[PDB]
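Visitor: Pasting a structure here, questions to come.
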Amino acid sequence: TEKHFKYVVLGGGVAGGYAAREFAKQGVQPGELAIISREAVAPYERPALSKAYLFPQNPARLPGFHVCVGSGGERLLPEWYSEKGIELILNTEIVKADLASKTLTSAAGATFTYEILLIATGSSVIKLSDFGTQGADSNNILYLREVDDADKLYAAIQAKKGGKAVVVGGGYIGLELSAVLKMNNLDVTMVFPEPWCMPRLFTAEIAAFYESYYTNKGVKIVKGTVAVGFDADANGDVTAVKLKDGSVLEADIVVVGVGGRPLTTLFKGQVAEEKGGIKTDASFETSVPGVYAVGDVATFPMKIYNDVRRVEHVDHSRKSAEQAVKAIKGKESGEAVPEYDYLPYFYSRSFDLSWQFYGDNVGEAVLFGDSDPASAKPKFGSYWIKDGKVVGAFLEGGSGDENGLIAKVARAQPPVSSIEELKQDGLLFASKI
Ligand SMILES: Cc1cc2nc3c(=O)[nH]c(=O)nc-3n(C[C@H](O)[C@H](O)[C@H](O)COP(=O)(O)OP(=O)(O)OC[C@H]3O[C@@H](n4cnc5c(N)ncnc54)[C@H](O)[C@@H]3O)c2cc1C
């Protein structure tokens, strides 16, 4: 009929799951907390979907990558929630939220009320149909966001093995999926309009490592164009991808990753919005008191650069959720909570490659170490320098110890005397803060 909970988390993804963990840690009592989710499963570590979920043998499958294993904490199975009297309400989609009345409505008519609301609704894919691309509705043109998408992609990879796959996009989705499709032995061509891959993060030299490495694996890369059409066949299945530059690629499966948008749609006009997200303070509270927003949807004060930003980082989803739960319990008990202080951190893994990045990629980049893609065990990095201070750091193929160092460089923002003593001595510069 109508259920009330003191705390309601809306969205059962990374941040919802991590928030539930912090609620338990902070001494949440049975009956107080609900987590409302549109998916059929308990919170899971979404980055595995474009990685081990799609491996040729013994792909990762739930319940193995439920949160919080992805950061090495305990696995929250559905029975973890119910053991704590945390109500995990699955297969439920909120289609209406009314903040004044503190009321949420499901597609099927159930209503939920709350005292405190944690919005963790994440992001949705941008699709090529969004802007009328010809034949974009053809079957086997596929997007990847949730585990249900992952199963369909996996089923289509099985059907089309030994086929041709086109990947549209050069973001981390494009790169990761291009790799997995080549590991499943399809003939892969990657296509994107930007001039090199990962264009919001990589510099031209970084990108040239990855693009050469991919081409050596057999993944072709076409840059500076876009798909403007798709040919199909009688059952309605994609057969071809028509490029803007007149060219045409054979295709049995197309995987698209041209970015996303935060699902703020329920709250439009009800909270302040900024840079596409829901504006939060340093404790993740919105314009409306007792309503918080975390993970992809939140636009928050980035204290280290004295800026306001919105990010799409698994690590931020985890930390922002913890911060909001600590702020809510802080408000109840009077006790002071320190301002969110996030250091941006992104990572990816494709083929047998693995890189990290920390900080801000502004200013002049300088490479160090070894960029030859023909090394069996490639290792190299890059620092970004602004105002005689290193403000960002990247590393491909670091041990785990070294990743620790660059993170420290990124935080401390150490001066640069000599560029030369920095390029011979890339990882060795780090030690001298
Ligand atoms: C395939 C893939 C790979 C990724 N890889 C990486 C990576 O390698 N590194 C990295 O740092 N980041 C990665 N990201 C981003 C990361 O996965 C995080 O999940 C994301 O940044 C945000 O987590 P979140 O809790 O805000 O949103 P999500 O985890 O998307 O969760 C939002 C939840 O809310 C539910 N929901 C939304 N609207 C409603 C509604 N109206 N009613 C009910 N439920 C609703 C959604 O279905 C979902 O379950 C990746 C993302 C994807 C999709």
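By order in the structure tokens, chains are A, B, ...; within a chain, residues start at 1; ligands start at 1, following the order shown.
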Can you check which parts of region 207-271 of chain A lie within 7 Å of region 296-311 of chain A? Per residue, the shortest pair of atoms and distance in Å to one decimal, counting only C-alpha atoms, sorted by chain and number, as JSON lines.
Guide:
```
{"residue": "A:262", "atom": "CA", "partner": "A:297", "partner_atom": "CA", "distance": 5.1}
{"residue": "A:263", "atom": "CA", "partner": "A:297", "partner_atom": "CA", "distance": 6.8}
{"residue": "A:264", "atom": "CA", "partner": "A:297", "partner_atom": "CA", "distance": 6.7}
```
Visitor: Store the residues picked out above in a file with C-alpha atoms, as a CSV table (one decimal), in the first residue's frame.
Guide:
```
chain,number,residue,atom,x,y,z
A,262,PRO,CA,22.9,11.8,-15.2
A,263,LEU,CA,19.4,10.7,-14.4
A,264,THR,CA,18.2,13.8,-12.6
```
Visitor: Which protein, DNA or RNA residues have an atom within 7 Å of ligand 1, counting only C-alpha atoms and all ligand atoms, as a PyMOL selection string?
Guide: chain A and resi 10-16+36-39+46-50+92-95+120-123+144-146+173+263+266+294-297+312-315+317+346-349
Visitor: Restricting it to N, CA and C atoms, dump the selection as a tab-separated table (two decimals), in the first residue's frame.
Guide:
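Heads up, here's the output in out-v4.tsv:
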```tsv
chain	number	residue	atom	x	y	z
A	10	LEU	N	17.62	5.95	-3.13
A	10	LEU	CA	17.00	5.75	-4.43
A	10	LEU	C	18.07	5.41	-5.43
A	11	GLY	N	18.15	4.16	-5.80
A	11	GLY	CA	19.12	3.66	-6.77
A	11	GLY	C	19.99	2.60	-6.12
A	12	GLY	N	19.99	1.40	-6.67
A	12	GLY	CA	20.72	0.27	-6.11
A	12	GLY	C	21.98	-0.08	-6.90
A	13	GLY	N	22.76	0.95	-7.21
A	13	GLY	CA	24.01	0.76	-7.87
A	13	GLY	C	25.15	0.85	-6.90
A	14	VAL	N	26.26	1.43	-7.36
A	14	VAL	CA	27.51	1.40	-6.62
A	14	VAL	C	27.34	2.21	-5.40
A	15	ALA	N	26.91	3.43	-5.60
A	15	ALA	CA	26.79	4.35	-4.52
A	15	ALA	C	25.69	3.94	-3.53
A	16	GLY	N	24.57	3.41	-4.02
A	16	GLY	CA	23.52	2.90	-3.11
A	16	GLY	C	24.03	1.78	-2.22
A	36	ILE	N	15.90	1.43	-2.79
A	36	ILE	CA	14.96	1.19	-3.86
A	36	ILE	C	15.71	1.10	-5.19
A	37	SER	N	15.54	0.01	-5.91
A	37	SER	CA	16.28	-0.27	-7.12
A	37	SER	C	15.41	-0.85	-8.23
A	38	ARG	N	15.66	-0.34	-9.43
A	38	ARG	CA	15.06	-0.71	-10.71
A	38	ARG	C	15.55	-2.10	-11.25
A	39	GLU	N	16.74	-2.52	-10.84
A	39	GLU	CA	17.32	-3.79	-11.30
A	39	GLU	C	16.76	-4.96	-10.51
A	46	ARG	N	29.81	-2.17	-10.90
A	46	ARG	CA	29.44	-2.01	-12.32
A	46	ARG	C	30.61	-2.05	-13.31
A	47	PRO	N	31.83	-1.66	-12.86
A	47	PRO	CA	32.92	-1.68	-13.83
A	47	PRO	C	33.25	-3.08	-14.39
A	48	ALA	N	32.92	-4.15	-13.66
A	48	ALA	CA	33.21	-5.47	-14.15
A	48	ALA	C	32.38	-5.81	-15.41
A	49	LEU	N	31.30	-5.07	-15.68
A	49	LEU	CA	30.44	-5.38	-16.84
A	49	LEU	C	31.12	-5.32	-18.23
A	50	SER	N	32.06	-4.40	-18.39
A	50	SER	CA	32.78	-4.26	-19.64
A	50	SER	C	34.12	-4.94	-19.53
A	92	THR	N	11.76	-2.25	-8.88
A	92	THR	CA	10.88	-1.15	-8.56
A	92	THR	C	11.46	0.12	-9.15
A	93	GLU	N	10.68	0.83	-9.94
A	93	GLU	CA	11.15	2.03	-10.59
A	93	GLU	C	10.37	3.19	-10.08
A	94	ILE	N	11.03	4.21	-9.52
A	94	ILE	CA	10.34	5.40	-9.11
A	94	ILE	C	10.08	6.20	-10.39
A	95	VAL	N	8.84	6.57	-10.64
A	95	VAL	CA	8.49	7.45	-11.77
A	95	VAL	C	8.06	8.83	-11.28
A	120	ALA	N	20.85	8.37	-5.66
A	120	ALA	CA	22.01	7.77	-6.25
A	120	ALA	C	21.57	7.10	-7.53
A	121	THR	N	20.96	7.87	-8.39
A	121	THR	CA	20.37	7.29	-9.57
A	121	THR	C	21.33	7.06	-10.75
A	122	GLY	N	22.56	7.55	-10.66
A	122	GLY	CA	23.55	7.31	-11.70
A	122	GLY	C	23.29	8.01	-13.05
A	123	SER	N	23.59	7.28	-14.12
A	123	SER	CA	23.61	7.87	-15.45
A	123	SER	C	22.85	6.99	-16.42
A	144	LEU	N	25.82	-0.48	-23.29
A	144	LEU	CA	26.19	-1.21	-22.10
A	144	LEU	C	26.18	-0.29	-20.94
A	145	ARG	N	25.19	-0.49	-20.06
A	145	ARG	CA	25.08	0.21	-18.79
A	145	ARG	C	24.84	-0.70	-17.56
A	146	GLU	N	23.82	-1.54	-17.60
A	146	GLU	CA	23.42	-2.40	-16.49
A	146	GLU	C	23.58	-3.89	-16.83
A	173	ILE	N	34.53	3.20	-22.51
A	173	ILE	CA	33.63	2.14	-22.94
A	173	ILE	C	34.09	1.54	-24.27
A	263	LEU	N	20.85	10.80	-14.54
A	263	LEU	CA	19.42	10.71	-14.42
A	263	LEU	C	18.94	11.56	-13.28
A	266	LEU	N	13.81	12.96	-12.32
A	266	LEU	CA	12.76	12.96	-11.32
A	266	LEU	C	12.69	14.24	-10.51
A	294	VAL	N	24.57	11.79	-4.68
A	294	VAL	CA	25.89	11.24	-4.67
A	294	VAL	C	26.22	10.55	-5.99
A	295	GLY	N	27.49	10.14	-6.15
A	295	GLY	CA	27.94	9.41	-7.35
A	295	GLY	C	27.76	10.26	-8.62
A	296	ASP	N	27.45	9.63	-9.77
A	296	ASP	CA	27.44	10.39	-11.06
A	296	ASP	C	26.55	11.64	-11.04
A	297	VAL	N	25.46	11.64	-10.27
A	297	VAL	CA	24.50	12.73	-10.39
A	297	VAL	C	24.93	14.00	-9.72
A	312	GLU	N	32.40	11.05	-13.11
A	312	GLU	CA	31.86	9.72	-13.32
A	312	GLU	C	33.00	8.74	-12.98
A	313	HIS	N	33.19	8.49	-11.69
A	313	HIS	CA	34.33	7.73	-11.26
A	313	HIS	C	33.79	6.74	-10.26
A	314	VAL	N	34.11	5.46	-10.45
A	314	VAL	CA	33.67	4.47	-9.46
A	314	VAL	C	34.14	4.84	-8.06
A	315	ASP	N	35.30	5.45	-7.94
A	315	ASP	CA	35.87	5.66	-6.62
A	315	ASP	C	35.11	6.80	-5.94
A	317	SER	N	31.95	7.37	-6.59
A	317	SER	CA	30.64	6.88	-6.22
A	317	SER	C	30.68	6.27	-4.83
A	346	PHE	N	41.03	7.76	-11.76
A	346	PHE	CA	40.40	6.96	-12.78
A	346	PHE	C	41.30	5.79	-13.17
A	347	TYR	N	40.70	4.72	-13.63
A	347	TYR	CA	41.48	3.62	-14.07
A	347	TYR	C	40.76	2.86	-15.17
A	348	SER	N	41.54	2.04	-15.86
A	348	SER	CA	41.00	1.17	-16.89
A	348	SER	C	41.89	-0.03	-16.99
A	349	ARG	N	41.37	-1.08	-17.62
A	349	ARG	CA	42.13	-2.30	-17.92
A	349	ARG	C	41.57	-2.82	-19.20
```
Visitor: By how many Å are CA of residue 218 (chain A) and CA of residue 259 (chain A) apart?
Guide: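 One can read the CA of residue 218 (chain A) to CA of residue 259 (chain A) distance as 24.8 Å.
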Visitor: According to DSSP computed on the backbone, where in region 172-379 of chain A is there strand (DSSP E)? Give the residues as a PyMOL selection string.
Guide: chain A and resi 187-192+220-223+227-231+240-243+248-250+253-256+260-262+273-274+277-279+291-293+298-302+307-310+345-350+353-359+364-370+379
Visitor: With 10 Å as the cut-off and only C-alpha atoms counted, what is the closest atom pair between each nearby residue of region 153-206 of chain A and region 373-387 of chain A? Distances in Å to one decimal, ordered by chain and number, as a tab-separated table.
Guide:
```
residue	atom	partner	partner_atom	distance
A:202	CA	A:382	CA	9.7
A:203	CA	A:382	CA	9.1
A:205	CA	A:382	CA	9.4
A:206	CA	A:382	CA	8.0
```
Visitor: For N, CA, C and O atoms, I'd like the residues from the last selection saved as a short mmCIF file (atom, residue, chain, number, x, y, z; two decimals), in the first residue's frame.
Guide:
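Wrote selection-v3.cif, looks like this:
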```
data_model
loop_
_atom_site.label_atom_id
_atom_site.label_comp_id
_atom_site.auth_asym_id
_atom_site.auth_seq_id
_atom_site.Cartn_x
_atom_site.Cartn_y
_atom_site.Cartn_z
N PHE A 202 43.54 11.33 -21.98
CA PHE A 202 44.80 11.07 -22.60
C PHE A 202 45.32 12.31 -23.35
O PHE A 202 44.55 13.04 -23.93
N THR A 203 46.64 12.49 -23.34
CA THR A 203 47.31 13.37 -24.30
C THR A 203 47.53 12.56 -25.57
O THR A 203 47.36 11.35 -25.57
N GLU A 205 50.32 11.69 -27.00
CA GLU A 205 51.39 10.66 -26.91
C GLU A 205 50.87 9.44 -26.14
O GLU A 205 51.07 8.29 -26.55
N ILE A 206 50.14 9.68 -25.06
CA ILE A 206 49.54 8.54 -24.35
C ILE A 206 48.66 7.75 -25.30
O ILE A 206 48.77 6.53 -25.41
#
```
